[PDB]
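Below: the structure, in structure tokens.
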Amino acid sequence: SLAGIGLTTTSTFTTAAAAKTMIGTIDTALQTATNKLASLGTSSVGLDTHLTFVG
Amino acid sequence: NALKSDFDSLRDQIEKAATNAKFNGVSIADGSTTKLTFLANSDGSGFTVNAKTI
């Protein structure tokens with residue numbers, strides 16, 4: 001969620017200079033979001049493997 | 001007097017021709033601003049074009 005990735009809701013850029021830092025903020029947000037989703041995918045594969053073994 | 005009036009007309013013409021050269025409200029020939037910065041990199045770094053008032 002917006003708090004989770006550090007975006008901070010109701011956070012915009014009022015001038016043409018805050019956008020120069022918003023670029024980097026969105027880059028970091030995208031990086032950490034993709035990392036979290038990769039971890040979730042790994043966990044799902046683990047669940048599948050253990051289910052097979054339990055069978 | 002005729003040559004002076006010709007001179008004055010041509011000067012007024014230069015002024016009109018100079019102040020009308022705006023695209024989208026922004027221009028680099030009137031002298032309104034000191035420089036224009038465009039995007040040049042996917043991270044925000046800019047391409048700088050100084051202003052050349054004419």
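Residues in the structure tokens are named by chain (A, B, ... in the order shown) and by number from 1 within that chain; ligands are numbered from 1 in the order shown.
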Inset, instruction - Within stretch 15-45 of chain B, find each residue whose DSSP state, derived from the backbone, is strand (DSSP E or B), and express the selection as a PyMOL selection string. - result: chain B and resi 23+26+35-39
What would the file look like if the residues just selected were written as a PDB file, in the first residue's frame with C-alpha atoms?
ATOM      1  CA  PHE B  23       5.442  28.915 -29.366  1.00  0.00           C
ATOM      2  CA  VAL B  26       7.275  30.059 -24.151  1.00  0.00           C
ATOM      3  CA  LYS B  35      17.163  29.556 -20.003  1.00  0.00           C
ATOM      4  CA  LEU B  36      14.975  26.616 -20.977  1.00  0.00           C
ATOM      5  CA  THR B  37      15.613  23.101 -19.707  1.00  0.00           C
ATOM      6  CA  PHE B  38      14.232  20.073 -21.532  1.00  0.00           C
ATOM      7  CA  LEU B  39      14.244  16.416 -20.565  1.00  0.00           C
TER       8      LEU B  39
END
Inset, instruction - For chain A, report every residue with an atom at most 8 Å from chain B (counting only C-alpha atoms), formatted as number ranges by chain. - result: A: 20, 23-24
